[PDB]
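In structure tokens, the next block holds one chain alone, the form deposited in one PDB entry.
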């Protein structure tokens, strides 16, 4: 396992969002990408179980306004430190938005906006730096 490119990560982020939005058949994804996607969804599920074991409210009263605030959330989340656990939290926030805020089972224009924002943040912040992947 090692660092991957921004190019690869842009692909991986979109496949991650389409998968959790249920707008890409497992079939239709490149195998290796489907591996990395599943790896990130599994980390997010683990991260969500710890959140849920400590806190009763879900993310849905802060993230209903992801529209103007998402980039603010993302920046606080990395202010004090960058590590892979903060990255997994970043992805679970994006998974929450797809799965409960945005219109379900669809690749709407807001999904594309979520994509851009996450992709623009992951890259501009060099998150690839703190999260290696298989092979």
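Positions refer to the first chain, counted from 1. Take the two forms, find the largest set of C-alpha atoms that superpose within 1.5 Å, and that set is the rigid core.
The following text describes the form deposited in another entry, which does not appear among the structures shown.
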With the core superposed between this form and the one not shown, a CA shift of at least 2 Å among 30, 69, 58, 99 belongs only to 30
Checking the C-alpha spacing of residue 85 and residue 24, a student should find that in that other deposited form it changes by 3 angstroms or more, with the atoms farther
Working note: in that other deposited form the C-alpha atoms of residue 25 and residue 108, off by 3 Å or more, come closer
